[PDB]
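Reviewing the structure listed below.
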Amino acid sequence: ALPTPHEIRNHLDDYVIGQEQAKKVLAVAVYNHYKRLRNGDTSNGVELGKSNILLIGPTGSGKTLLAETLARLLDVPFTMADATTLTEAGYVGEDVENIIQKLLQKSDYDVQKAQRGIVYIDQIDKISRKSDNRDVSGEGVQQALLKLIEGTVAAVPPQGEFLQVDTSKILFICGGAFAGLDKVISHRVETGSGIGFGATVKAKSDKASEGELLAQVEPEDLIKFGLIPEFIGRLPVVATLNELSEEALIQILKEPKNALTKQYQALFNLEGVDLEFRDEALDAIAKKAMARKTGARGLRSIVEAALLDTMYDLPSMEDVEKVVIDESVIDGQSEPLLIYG
Amino acid sequence: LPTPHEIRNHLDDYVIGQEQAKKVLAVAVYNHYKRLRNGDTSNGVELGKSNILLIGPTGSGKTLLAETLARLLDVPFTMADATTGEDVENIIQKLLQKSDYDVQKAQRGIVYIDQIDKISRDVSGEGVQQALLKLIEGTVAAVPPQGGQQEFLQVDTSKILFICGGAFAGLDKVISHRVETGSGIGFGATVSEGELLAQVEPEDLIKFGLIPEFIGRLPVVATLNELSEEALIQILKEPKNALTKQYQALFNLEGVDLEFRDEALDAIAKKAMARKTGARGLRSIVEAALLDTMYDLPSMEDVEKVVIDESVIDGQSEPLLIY
Ligand SMILES: Nc1ncnc2c1ncn2[C@@H]1O[C@H](COP(=O)(O)OP(=O)(O)OP(O)(O)=S)[C@@H](O)[C@H]1O
Ligand SMILES: Nc1ncnc2c1ncn2[C@@H]1O[C@H](COP(=O)(O)OP(=O)(O)O)[C@@H](O)[C@H]1O
């Protein structure tokens, strides 16, 4: 009884911010995974639906973060693979069995402990079907993962005969960033616009928001993207993430220990100078961040773009003990204040 | 070994509201396997195969009839898609995986296709119908056994039955003017669709976009017109693998009781029909509702029963709890 859905959401809140709905979904699926394996196929209900996860969100939304923060809190091992280096037919790039090999290294070759492990994959969009231009990075890779997800056994050389390791009990988290998916959903939901007086006048973009647009997604929508329907059928769960809120970004710069403010703060403390960031400058940065349409990953651009001149002349400058950054410095047409003595 | 009456009852256990479709597949599959038990040894040499064509809305149980039938009959079965230049070899090797790469056992298997109307009106559009013609008549395709020998196994395609599933859009207008009446625009002229589909003929399919050569190979026709609102409730109650029974069984091991009143199930029918997706878009309504309850249920203690009301589906109210 180690995992608690009410507690697992509290722990992720410490390392992740801005995604409340997605955290609830993972707690249910994760709890249902071990609840099932506690009594495997012994209940009266036969043909129980398999529990998997499908993370869908924009860039910098925290998809990769949930996979890492979850493994730290969790006891069973965790792996972080990628679909970009995967090939088929034993080519020079990589094989699907490598994911099972890396799992044992984390578990020290414990099959009983490895079957209860977690799996995570990034950049699932790369394996999306494409028209013929041979195409090895595509449908072929999906077939290997499909038979692997549906439950089977794969030969694994122990320590480098082969060992059989069932996979119907192992969890899989296929997650990545889908590009152009919003356009596909728009065609289905928009259904045109009226032109007369009584018609619903449309502005430039009243629905171009991942939130309220991805929640209405369906499995058939992903088929047009390139994925196989049978592959999606094995993942009934879906997790829709929204673009980070401007207020949420502020919290990322203050509460997390790895905040960019704390990073540059220590960067100048070793140099013998203090640093400060007022609240009026944080919200201003959030306005510029959303305009870039990159997420928290593209937040560092606004910071270094401002402190470029300051850092250039700080080592040469002497007798400077503290630096204060005003809101005008971020908007422009101003210079950060410097403290001497 | 089975009979049309015996197989009808088994199908009834997992499927409901489609009576005519059961008799079609029963006699078809019965006579289909009869040819395998006795081939050209009889006077009737070269017994031809009779393909099957399913027509119904989306989420109308088209896939379940093929999937459930496969479980009942101890033979392999795969699922194909009209989306996948020819790209027809993937369907053969996909079947050998379940059959453990067997020639004779696979040859008696069945295959299902979805969205067959998506190609009717280019190598991915009308070019697919032309290619299938030989596949639905008989041929052999190279399939690497085990992936690799430098050899390939031959697997005929005359013994493998095909079921082209899909949902035709706008077909009702074509048959109305041809058979029932030419109307819809005039004053006196008349402005469920199921009854019309029963009177369907291949001539109407030609105007839809299909090729006559393609339709000739599928003389059998099935009409999965619609699913009733009560049937949806029955779908969650009569089948042993219903989702309502799954969640009930999920909490049985937890030591908590579950309930689902009839006043709450009818609301699910409205949301299903509102999405125009059928039974496929059902878990989204249930899982989205019980997400809150499941999230805090383990944390909560001294709770032996849970009741879900109609308001709970909307989300305005909270599911009643029992201590
Ligand atoms: N919810 C979040 N809360 C706080 N910081 C976040 C959040 N999401 C992203 N970040 C920041 O962005 C960095 C990268 O997070 P990722 O999980 O990689 O974002 P991502 O959208 O998952 O990237 P991809 O495209 O999935 S690889 C983290 O190290 C944080 O600094
Ligand atoms: N008559 C029915 N009885 C029981 N379940 C049904 C029925 N019709 C549809 N379903 C449900 O729908 C799902 C399959 O939908 P499917 O046939 O794949 O939709 P589509 O035909 O649009 O692909 C199954 O999980 C099944 O339980």
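Derivation of every value follows stated rules applied to the coordinates shown; laboratory data play no part. Quick reminder, even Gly has a Cβ in these numbers, built from the backbone with ideal geometry, and neighbours come from all protein chains shown.
Could you tell me which residue out of B:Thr277, B:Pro319, B:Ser299 lies farthest along the dipole of chain B toward its positive end? Charges go on the beta carbon: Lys and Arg +1, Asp and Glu -1, centred on the Cα centre.
Value computed over the given set: B:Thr277.
Please compute the net charge surrounding A:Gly60, taking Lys and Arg as +1 and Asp and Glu as -1 over other residues with Cβ under 13 Å from its Cβ.
+3
Between B:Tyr33 and A:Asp313, with labels modelled 7 Å along Cα→Cβ, what's the label distance in nm to one decimal, could you check?
So the label points at B:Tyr33 and A:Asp313 sit 8.9 nm apart.
Using the count of nearby Cβ atoms within 10 Å as a rough guide to exposure, how do A:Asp166, B:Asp102 rank from fewest to most?
Exposure proxy ranking, most exposed first: A:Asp166, B:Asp102.
Residue by residue through region A:74-85, what is 3J(HN,Hα) from phi via Karplus (6.51 cos²θ - 1.76 cosθ + 1.60, θ = phi - 60°)? Round to whole Hz and write x for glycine and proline.
For region A:74-85, the Karplus curve yields 7, 8, 5, x, 9, 10, 10, 9, 8, 8, 7, 8 Hz.
Quantify how strongly other chains surround peptide B:269-282 by giving the mean number of their Cβ atoms within 10 Å of each of its Cβ atoms.
Mean shielding count: 1.
Which Cα, out of A:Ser186, A:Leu86, A:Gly117, lies furthest along the positive dipole direction of region A:1-242 (beta carbon charges, K/R +1, D/E -1)?
Working it through, the farthest residue towards the positive pole turns out to be A:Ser186.
Give the order of B:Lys105, B:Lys22 when sorted by the count of other beta carbons within 10 angstrom, beginning with the fewest.
B:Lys105, B:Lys22
Around A:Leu54, which amide H atoms from residues at least 5 apart in sequence, or from another chain, sit under 5 Å from its own amide H, with H modelled in the peptide plane?
A:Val238, A:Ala239
Once label points are set 7 Å from the Cα along Cα→Cβ at both A:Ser209 and A:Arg9, what is their separation, rounded to one decimal in nm?
Label-label distance for A:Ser209 and A:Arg9, simple model: 2.2 nm.
Along the positive direction of the dipole of region A:198-300 (beta-carbon charges: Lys, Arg +1; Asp, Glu -1; about the Cα centre), which of A:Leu267, A:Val238, A:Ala248 reaches farthest?
Of the listed residues, the answer is A:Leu267.
Going by C-beta contacts inside 10 Å, put A:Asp331, B:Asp302, B:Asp81 in order with the fewest on the left.
Sorted ascending by nearby Cβ count, the order is B:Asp302, A:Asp331, B:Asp81.
Quick one: of the DSSP bridges fully inside the protein assembly as shown, what percent are antiparallel, nearest 5?
Once the DSSP bridges in the protein assembly as shown are tallied, antiparallel ones form about 25 percent.
Quick one: grab the alpha carbon gyration tensor of region A:149-270, order the square roots of its eigenvalues as a ≥ b ≥ c, and give me rounded if a/c is under 1.5, else prolate or oblate depending on whether a/b is larger than b/c.
oblate
Can you tally the net charge around A:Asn242? Count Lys and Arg as +1, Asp and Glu as -1, for every other residue whose Cβ sits under 9 Å from the Cβ of A:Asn242.
With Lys, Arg at +1 and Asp, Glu at -1, the net is -3.
Just add up the charged neighbours of A:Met311: K/R +1, D/E -1, any other residue whose Cβ is under 12 Å from the Cβ of A:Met311.
Neighbour charge sum, excluding A:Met311 itself: -4.
Under the rule of at least 5 residues apart or a separate chain, name every residue whose amide H is placed under 5 Å from the amide H of A:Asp274.
The list, which skips near neighbours in sequence, is A:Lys322, A:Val323.
I need the shape label for the protein assembly as shown. Rule: rounded when a/c is under 1.5, else prolate if a/b > b/c, else oblate, with a, b, c from the alpha carbon gyration tensor.
Prolate, since a/c reaches 1.5 and a/b exceeds b/c.
For chain B, what class follows from the C-alpha gyration tensor (a ≥ b ≥ c being the square roots of its eigenvalues): rounded when a/c is under 1.5, otherwise prolate if a/b is larger than b/c, else oblate?
Here chain B falls in the oblate category.
Going through region A:178-239, which GluC sites (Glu not before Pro) have at most 11 other Cβ atoms within 10 Å and a DSSP loop state?
A:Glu212
Let me spell out the model: positive unit charges on the Cβ of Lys and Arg, negative unit charges on the Cβ of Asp and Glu, origin at the Cα centre of region A:1-242. What dipole size does that give, in debye rounded to 20?
For this selection, approximately 440 debye.
For a quick check: with amide H placed at 1.01 Å from N, whose amide H comes under 5 Å from B:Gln115's, ignoring anything fewer than 5 positions away on the same chain?
B:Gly166, B:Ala167
For the residue pair B:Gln154 and B:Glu229, what label-to-label distance in nm results when each label sits 7 Å from Cα along the Cα-to-beta-carbon direction?
Taking the simple label geometry, B:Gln154 and B:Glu229 are separated by 5.9 nm.
On a straight-distance basis, which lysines could pair with A:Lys254 in a cross-link, Cα separation under 28 angstrom, same-chain partners fewer than 8 positions away excluded?
Of all the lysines, those that pass the test against A:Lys254 - Cα under 28 Å, at least 8 places apart if same chain - are A:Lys23, A:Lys24, A:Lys63, A:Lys262, A:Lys287, A:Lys288, A:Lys293, A:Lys322.
Are there GluC sites (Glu not before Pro) in region A:283-336 that DSSP marks as loop and that have at most 16 other Cβ atoms within 10 Å, and which are they?
In loop regions of region A:283-336 (DSSP not H, G, I, E or B), the sparsely surrounded GluC sites (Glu not before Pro) are A:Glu318.
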